[PDB]
Amino acid sequence: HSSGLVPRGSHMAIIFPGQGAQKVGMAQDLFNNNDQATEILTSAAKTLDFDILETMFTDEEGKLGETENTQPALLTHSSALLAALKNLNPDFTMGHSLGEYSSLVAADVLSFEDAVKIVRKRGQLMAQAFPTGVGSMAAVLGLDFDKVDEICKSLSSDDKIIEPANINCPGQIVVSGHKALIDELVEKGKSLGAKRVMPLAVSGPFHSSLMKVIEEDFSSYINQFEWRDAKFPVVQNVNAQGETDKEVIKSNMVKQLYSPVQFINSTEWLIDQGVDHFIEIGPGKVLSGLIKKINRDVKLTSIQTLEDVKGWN
Ligand SMILES: [Ca+2]
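Heads up: the sequence shown begins at 77 in the working numbering, then just goes up one per residue.
Dropping the structure here:
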């Protein structure tokens, strides 16, 4: 201001949701109503080997929530919104699990066509990593991280493991690992003091050390594309810090598979750099809800529809 002392603040981060934020009908309002968004949607349609747009808009096969489909659907919706927005001037970005790929497209690490192929393979490898019934995930609500981690250490036994996977906000920690231990937690969660332990609709033990089984296949595929440096820092899920290096970001995308999503620490790191406005771009406002529980003073904007794009523009 007029004192010549500009407070740390006024930085803005654009952020992107992942699995769990999809909805049938997503992006149907953009298609053929905005040229930039439609370029992205038609790119995804021409690139993918299934009918991504039918799957997003009407999902007559009820497969939108199967992660091999949901991942490219979410990337496509967030990127289509992003392409339609004018003078979005982010200082940083982050995204939740799949959402980090939307950050990579936003920061020009990856082109949209390279990223949509990459996340389709990421979804197919995750979906096929373990047979039905071997690994799963559950949301533990109402407990501090230290208590959830203790519980996980107690139940991990007999060569089976359960680990904190998605560290979302105070009172919401998703855990992941062998299904027998996930189901024991589901059964005993109330007695252990959790407000609610919700088993989740997932095909495997995502973001647990068990996902090392797909590291090699994923590293091999991602070498088929050119990765670039980021134009502004991507706060990565593995380490909760801003990264711009192409080789550091690429290596962290492979580690991301089998490492917990550090959403609380990434949110905190961004606020400690002076981010006071987060703009969520995608279907739903799930990350805005998590950030509100992390810090109630920062500003939250959600961009979900063509009308929200018009209002911003
Ligand atoms: Ca990854």
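Note that CB positions come from ideal geometry on N, CA and C, so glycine has one too.
Item: Residues sharing a beta bridge with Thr-343, DSSP; Value: Per DSSP, none; premise fails for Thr-343.
Item: Short Cβ contact (8 Å threshold) for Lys-322 with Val-192; Value: no
Item: Where the beta strand (DSSP E) through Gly-211 begins and ends; Value: 211-217
Item: Distance CB(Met-202)-CB(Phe-282) smaller than 8 Å; Value: yes
Item: Exposed unless 16 or more other CB atoms sit within 10 angstroms - verdict on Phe-354; Value: buried
Item: Test item: CB-CB of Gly-247 and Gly-218 under 8 Å; Value: yes
Item: Near ligand 1: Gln-332 beta-carbon under 7 Å from a heavy atom; Value: yes
Item: Residues that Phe-126 bridges to, as DSSP identifies them; Value: Note: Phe-126 sits in no beta bridge, so no partner.
Item: Per-residue DSSP class, three states only, for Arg-304; Value: coil
Item: Pair within 8 Å by beta-carbon distance, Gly-199 and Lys-255; Value: no
Item: Inter-residue spacing [alpha-carbon to alpha-carbon] between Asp-348 and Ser-173; Value: 22 Å
Item: Span of the alpha helix (DSSP H), counted from its first residue to its last, around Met-329; Value: 322-332
Item: Same chain, Cβ closer than 8 Å to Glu-260, five either side skipped, listed in chain order; Value: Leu-231
Item: Cβ-based neighbour list, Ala-306, same chain, cut-off 6 Å, excluding 5 preceding and 5 following; Value: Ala-183, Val-185 and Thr-320
Item: Neighbour flag for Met-274 against chain B, beta carbons, 8 Å; Value: Within the model displayed, chain B is absent; a lone protein chain is all it includes.
Item: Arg-198 beta carbon near ligand 1 (any heavy atom closer than 7 Å); Value: yes
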